[PDB]
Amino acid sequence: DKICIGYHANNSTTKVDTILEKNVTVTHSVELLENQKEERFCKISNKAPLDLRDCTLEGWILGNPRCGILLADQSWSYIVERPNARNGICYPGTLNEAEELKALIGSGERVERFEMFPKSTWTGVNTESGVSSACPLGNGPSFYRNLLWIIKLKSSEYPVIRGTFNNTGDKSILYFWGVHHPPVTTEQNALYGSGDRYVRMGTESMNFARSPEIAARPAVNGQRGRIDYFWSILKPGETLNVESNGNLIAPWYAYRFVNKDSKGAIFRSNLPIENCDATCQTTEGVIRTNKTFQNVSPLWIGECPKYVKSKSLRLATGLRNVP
């Protein structure tokens, strides 16, 4: 008669590493790291992404005429920009504080497009024919659909022009303006006028004034001229006074703006957006798992497992498998 004390063993070939021994076979274990992804974008909490398509982020909010599909109301969970978008800042010049603008919009949830300043606002000037071959829509020349290029009247002179917008509205306003810089004085005189010219912007919390910097510079997109692009936020309750006697690229349409409750994201990727749901969206793809760690990406929107460099993180739960 006998009785023995013993322990379990099975067909497992799964291994773990220990501090004293590596490649040690155990009966039961659990992988904590996920390395699989759906290379596509889905919906976060049933809210679709914003596809900027063949437009850069600048091109969309500035209103590059070839971004017409996107020139409307937009509500997103996250934004995805394509690496090789053709349609951006078509007329040469730099957008001041560009990166600060991307982060703001990134922290946005919803925008509403409206007309801040009708073309009739600017009395004494030519509000049409302010277009460029560098910003084409189809065949002929065009210009940004949120900005108004103003040149002097052929017959008279360019007088001081003024506009005012009282933001009695619910939400914050996001608007854009610019100063055009001709390459030679000849063009300065022709489009605007000689003498001292100024572009002046003002709110209760902002003070902006600029002058033309006429200089000969290299041609970009067939343009030796430049526009310094500027953006700002008109706070709720505040009021914008625009004052200029020359060289103004005026605000025309702008955006009522909505802040996002948690953090939002802007992905730069070629991955296709689809009508699907995800709890976890990385810039590299969607993750579906109950696991705790990842290999795919540090960049994500939603609720993802922690990102590490590890290839495998397997805890032993069983014991040494010894057949």
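Just count from 1 along the sequence shown to find any residue number.
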* For the higher mean C-alpha B factor in the entry, choose 33-41 or 61-69. => 61-69
* Structure fact -> As the entry reports it, the stretch among 152-160 and 172-180 with higher mean C-alpha B factor is 152-160
* Would you mind ranking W76 by its C-alpha B-factor against the rest of the chain and naming the third, lowest, middle or highest? => middle
* Structure fact -> By the entry's values, the third containing the CA B factor of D196 is the highest
* Asked: Taking the entry's C-alpha B-factors for this chain, is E274 in the lowest, middle or highest third?
  -> lowest
* Asked: What third of its chain, lowest, middle or highest, does the C-alpha temperature factor of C4 fall into?
  -> highest
* Among modelled residues of the same chain, the CA temperature factor third for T14 -> middle
